[PDB]
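Peer 1: If you scroll down you'll find the structure; I have some questions about it.
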Amino acid sequence: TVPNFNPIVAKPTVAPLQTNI
Amino acid sequence: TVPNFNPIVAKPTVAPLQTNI
Amino acid sequence: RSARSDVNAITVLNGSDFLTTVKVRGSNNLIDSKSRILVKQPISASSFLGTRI
Amino acid sequence: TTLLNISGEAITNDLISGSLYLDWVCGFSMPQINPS
Amino acid sequence: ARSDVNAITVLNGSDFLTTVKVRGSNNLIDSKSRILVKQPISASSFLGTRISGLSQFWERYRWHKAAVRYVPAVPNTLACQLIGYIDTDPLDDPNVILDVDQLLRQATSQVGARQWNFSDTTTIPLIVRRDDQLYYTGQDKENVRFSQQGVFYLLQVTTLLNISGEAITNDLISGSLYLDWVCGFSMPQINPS
Amino acid sequence: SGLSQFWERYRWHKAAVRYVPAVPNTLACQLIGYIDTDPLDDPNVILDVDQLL
Amino acid sequence: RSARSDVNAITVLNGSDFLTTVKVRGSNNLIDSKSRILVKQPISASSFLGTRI
Amino acid sequence: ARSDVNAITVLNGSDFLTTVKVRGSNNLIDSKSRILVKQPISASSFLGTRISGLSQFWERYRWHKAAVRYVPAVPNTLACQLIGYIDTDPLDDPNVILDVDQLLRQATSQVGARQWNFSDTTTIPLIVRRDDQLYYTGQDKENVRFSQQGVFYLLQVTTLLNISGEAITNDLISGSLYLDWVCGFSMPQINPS
Amino acid sequence: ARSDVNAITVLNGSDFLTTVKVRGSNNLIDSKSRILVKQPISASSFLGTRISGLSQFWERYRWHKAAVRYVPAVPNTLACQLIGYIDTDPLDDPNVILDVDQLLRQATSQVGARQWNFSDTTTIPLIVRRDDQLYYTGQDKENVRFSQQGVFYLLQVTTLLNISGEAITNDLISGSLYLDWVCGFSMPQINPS
Ligand SMILES: [Ca+2]
Ligand SMILES: [Ca+2]
Ligand SMILES: [Ca+2]
Ligand SMILES: [Ca+2]
Ligand SMILES: [Ca+2]
Ligand SMILES: [Ca+2]
Ligand SMILES: [Ca+2]
Ligand SMILES: [Ca+2]
Ligand SMILES: [Ca+2]
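Chains as they are written, first to last, in the authors' numbering: chain A, 33 to 53; chain B, 33 to 53; chain C, 54 to 106; chain D, 213 to 248; chain E, 56 to 248; chain F, 107 to 159; chain G, 54 to 106; chain H, 56 to 248; chain I, 56 to 248.
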């Protein structure tokens, strides 16, 4: 039960147009 | 130590395409 | 004698890997049914050459 | 479906779209060494 | 003022490495064409930078916590994935590999690897070894495992495409690489040049 | 800069330039912003681009 | 992003294996010093092809 | 790895300055001829050295403990009294002095001045100010008191004479100067060149 | 009596290296001519010595406190400035340098470098690295950074000159070098020869 053998992680990030300030 | 002499504030706002309902 | 253990144990281990890329076939090549099959990858443990699994 | 762009036009380049990962868990049973 | 001591001068900084150039369609015809960068991460691998200039004035070094940082010079409407990793073995060479998926898999297999789109930014860390080893600064010599602590490979996973389905063919620049580093050099000297 | 004239000396205790973009993410260009604490370092003498960067 | 763990861990594991056979050279072939060297086997982990280590 | 703080990276070393040359009889015909060495002690005054190299990679500096060392390259059979002082004000120039003994006096009066024969070795210390001021590491610019923390002046007091009370005229080379320093640099950067 | 453990047998000694020879005027016609001694400091570099003998009976070594000593064999009436540094990287070779003062600078910059006249005696220390690395004791093989912990370089800075400002040309013998060391050997064995 070798833990964390080939772990991979996913994390999204939205890319909107015209980020306004 | 005159407080709040020339204060400025920034606040973003994302502008995504096709905001769906 | 030098006998080797007669114990059959289930060695379970977990991890991720990378199968392959997907290639959508496009209007030119997409003229048949088989043309719409983009990936045929077995899931046998020994079907992923580069991986360490 | 057909591969199409912003417009309702189909593309003809036969491009690549992404990748596939396998998040797996396997139990092996009998130690050995397979030949090759 | 004539102290004969050898002390590690751990000091930080940041440096501009290179403008990367995703390959496109014309030049990208095989697998090794997808290796955009093959850049050693030895202190003295970047001539005009500050890290290399300092390195020149010491024998040894050891990245205590280094990191490569990609800053995109493109918009988000363009799309192309990239995989970046740092093999701690300067000799392990994937250029010999013919299958692209094999190369991307032996990349993702490395521990400190990352994947990302050339329109956003990330950070490619360097995973330092465990045997307290130091490395030399001079120009790479007979062997490389004496000098290089790692080698940064930057890969092209997808095809370069734009707003429309148009497949770009001109091998244009996508971003810029930056090294946010921390290392300690041990023995004062001057390396020839 | 008008109050400045009413005193004879100054020292920034905390200064930070802040960039306010006006373009969308459909354009791209890398920038470098550093504040050099020696007014006599003029990059215009530098001919090499990568050296400047 | 799909980032791969930045954790360097020492995976220690133990077991036995089989190096090779020994061939004593005998009076005919034993006519030199090198003739008395029966085994030159590195102990590198990757010097035992058939083994699983 | 990407810290923005500024710390003092104090580090030691030694460096080679130049070879000294006593002036002799024919060339020594005035008071300014007795000034053999006018050598600033700014970190960036010796190009091929380690001190100037390092200096190029910082904005400010401060000698914590410096010392100019003289190493003779001549036998004991020759004699010539020298004086070595490091003036903490570079604009102070003795070349404008016409009286020779006045020059020797304003030299000896420096708190870190040393006198010795050109066949002996001795250490010329640098004396550091009390206000904590930091100096700049680049080439000398509109003013000199920002960069140069000191200026090493070497004097020929007596005439070069052989075994007897007989003078020499060939203007032979006496020895070389070395710098044994420990300095504290403040702001990481790269200076132009 | 038949223990299998491995311990560090640190032991002291002194040994004779070779006789130095200043180059003179006629032979000194370039920058590589000023390199009088290129002598590795590997324990097994001096055949008839005690250090190399002992080395032959161990696999690994590490200088704990070494020092090269110069003993003049000439009078005070002669003068020649030398520089002695022990480079901890053997592949660093100054013979490829053409500029002489650059060579003197890269020498002086070594943290354990000493300068002196060939009529005086002085000690050239060895400086030991910080990573605990051990070196090998056998003859030099495919690579040199495994065996040699250092390399002693002796320089002729000025020209050999007599009482006056007059040069010499006969290329006379100046003195001899000695090694005062204490080393720690690790693995008992006998090396081939
Ligand atoms: Ca590797
Ligand atoms: Ca070196
Ligand atoms: Ca600056
Ligand atoms: Ca003064
Ligand atoms: Ca002040
Ligand atoms: Ca400056
Ligand atoms: Ca060196
Ligand atoms: Ca080690
Ligand atoms: Ca050996």
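All residues carry an ideal CB built from backbone N, CA and C; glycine is no exception.
Can you grab the Cα-Cα spacing for the pair residue 227 of chain E / residue 75 of chain E, in whole Å?
Peer 2: Answer to the nearest angstrom: the Cα atoms are 9 Å apart.
Peer 1: Output yes or no for whether 8 Å exceeds the beta carbon distance between residue 202 of chain H and residue 113 of chain H.
Peer 2: Cβ distance not < 8 Å, so residue 202 of chain H and residue 113 of chain H don't count as in contact.
Peer 1: Please report how far the alpha carbon of residue 188 of chain E lies from the alpha carbon of residue 198 of chain I, in whole angstroms.
Peer 2: So the alpha carbons of these two residues sit roughly 17 Å apart.
Peer 1: Less than 8 Å between C-beta atoms, sequence neighbours within five positions excluded: which residues of the same chain meet that for residue 115 of chain H?
Peer 2: Closer than 8 Å at Cβ, skipping near neighbours: 189, 190, 191, 192, 240, 241 and 242.
Peer 1: In the DSSP assignment, what are the bridge partners of residue 71 of chain H?
Peer 2: The partner list for residue 71 of chain H (beta bridge, DSSP) reads H:233.
Peer 1: Could you check which residue in G:59, G:90, G:69 and G:81 has the C-alpha nearest to that of residue 56 of chain C?
Peer 2: The option with the nearest alpha carbon to residue 56 of chain C is G:69.
Peer 1: Find out if the Cβ-Cβ distance for the pair residue 107 of chain E, residue 121 of chain E is shorter than 8 Å.
Peer 2: No, they are not a contact pair.
Peer 1: So, at 8 Å on beta carbons, what are the nonlocal neighbours of residue 89 of chain I in its own chain, with the 5 sequence-adjacent residues on each side left out?
Peer 2: Answer for residue 89 of chain I: 78, 83, 155, 158, 210, 211 and 212, listed in chain order.
Peer 1: Under 7 Å: does the beta carbon of residue 148 of chain E sit that close to some heavy atom of ligand 8?
Peer 2: Checking the Cβ of residue 148 of chain E against ligand 8 gives no.
Peer 1: With a 10 Å radius around its C-beta and 16 neighbouring C-beta atoms as the bar for buried, classify residue 207 of chain I as buried or exposed.
Peer 2: Buried, by the Cβ-count rule.
Peer 1: Determine the burial state of residue 253 of chain E: buried for a count of at least 16 other Cβ atoms within 10 Å of its Cβ, exposed for fewer.
Peer 2: Past the boundaries of the shown model lies residue 253 of chain E; chain E is included only from 56 to 248, so the question cannot be answered.
Peer 1: Would you say residue 91 of chain C and residue 233 of chain D are within 8 Å of each other, going by their C-beta atoms?
Peer 2: Not in contact: residue 91 of chain C and residue 233 of chain D (Cβ atoms no closer than 8 Å).
Peer 1: Ligand 5 and residue 111 of chain E: does any heavy atom of the ligand fall closer than 7 Å to the residue's C-beta?
Peer 2: Checking every heavy atom of ligand 5 against the Cβ of residue 111 of chain E, none is found closer than 7 Å.
Peer 1: Could you tell me which chain E residues have their CB closer than 9 Å to the CB of residue 227 of chain D, listed as they occur along the chain?
Peer 2: Correct list: 213, 214, 216, 220 and 222.
Peer 1: Report buried or exposed for residue 53 of chain A, applying the criterion of at least 16 other Cβ atoms within 10 angstroms of its Cβ.
Peer 2: The residue in question, residue 53 of chain A, is exposed, as its Cβ has fewer than 16 Cβ neighbours within 10 Å.
Peer 1: Kindly indicate which residue of E:219, E:81 and E:139 has the alpha-carbon position closest to the one of residue 163 of chain E.
Peer 2: Among E:219, E:81 and E:139, the Cα nearest to that of residue 163 of chain E is on E:139.
Peer 1: Just to confirm the assignment, what range does the alpha helix (DSSP H) spanning residue 160 of chain E have?
Peer 2: Residue 160 of chain E -> alpha helix (DSSP H) spans 155-164.
Peer 1: Just reading off the beta strand (DSSP E) that residue 124 of chain E is part of, what are its end residues?
Peer 2: Residue 124 of chain E -> beta strand (DSSP E) spans 122-127.
Peer 1: Rounded to whole angstroms, what's the CA-CA distance from residue 80 of chain G to residue 204 of chain I? Just pull it up for me.
Peer 2: Whole-angstrom Cα-Cα distance: 45 Å.
Peer 1: Looking at residue 229 of chain E and residue 123 of chain E, is the spacing between their C-beta atoms short of 8 Å?
Peer 2: In this structure, residue 229 of chain E does not lie closer than 8 Å to residue 123 of chain E by Cβ.
Peer 1: In angstroms with no decimal places, state the Cα-to-Cα distance between residue 215 of chain D and residue 224 of chain D.
Peer 2: Between residue 215 of chain D and residue 224 of chain D, the C-alpha separation is close to 8 Å.
Peer 1: Count the other C-beta atoms from every protein chain shown that fall within 10 angstroms of the C-beta of residue 118 of chain F, then say buried if there are 16 or more, exposed otherwise.
Peer 2: Classification of residue 118 of chain F: exposed, given that the 10 Å Cβ count is below 16.
Peer 1: Which residue spans inside the region 125-151 of chain E form an unbroken beta strand (DSSP E) run of at least 3?
Peer 2: Segments of the beta strand (DSSP E) lying fully in the region 125-151 of chain E: 136-142.
Peer 1: Mind pulling the chain C residues with CB within less than 7 Å of residue 231 of chain D?
Peer 2: What residue 231 of chain D touches in chain C: 71 and 74.
Peer 1: So what does DSSP say about residue 78 of chain I, is it helix, strand or coil?
Peer 2: It is coil, neither helix nor strand.
Peer 1: Of all the options E:247, E:236, E:246 and E:245, which has the alpha carbon lying nearest to the alpha carbon of residue 59 of chain H?
Peer 2: Answer by Cα proximity: E:236.
Peer 1: So is residue 247 of chain E in contact with chain H if we call contact Cβ pairs under 8 Å?
Peer 2: Output row for residue 247 of chain E: interface = no.
Peer 1: Would you kindly work out how many angstroms separate the C-alpha atoms of residue 126 of chain E and residue 133 of chain F, rounded to a whole number?
Peer 2: Spanning the two alpha carbons is a distance of roughly 14 Å.
Peer 1: I'd like to know whether the C-beta of residue 64 of chain E is nearer than 8 Å to at least one C-beta of chain H.
Peer 2: Yes, contact with chain H.
Peer 1: Does the distance from the C-beta atom of residue 161 of chain E to that of residue 149 of chain E stay below 8 Å?
Peer 2: Cβ atoms of residue 161 of chain E and residue 149 of chain E: closer than 8 Å.
Peer 1: Based on the DSSP output, what are the partners of residue 179 of chain E in its beta bridges?
Peer 2: Residue 179 of chain E pairs with E:123.
Peer 1: Could you check which residue in H:152, H:196, H:101 and H:143 has the C-alpha nearest to that of residue 185 of chain H?
Peer 2: It is H:143.
Peer 1: Hey, out of E:220, E:238 and E:244, whose CA is closest to residue 219 of chain D's CA?
Peer 2: The option with the nearest alpha carbon to residue 219 of chain D is E:220.
Peer 1: Chain B beta carbons: is any one of them nearer than 8 Å to that of residue 48 of chain A?
Peer 2: Closer than 8 Å to some Cβ of chain B, the Cβ of residue 48 of chain A qualifies, so yes.
Peer 1: Could one say the Cβ of residue 251 of chain E lies closer than 8 Å to chain C's Cβ atoms, at least one of them?
Peer 2: Missing from the structure shown is residue 251 of chain E; chain E here goes from 56 to 248 and no further.
Peer 1: Could you list which residues in chain E have their beta carbon closer than 8 Å to that of residue 4 of chain I, in chain order?
Peer 2: The structure shown does not extend to residue 4 of chain I, since chain I spans only 56 to 248, so no value can be given for it.
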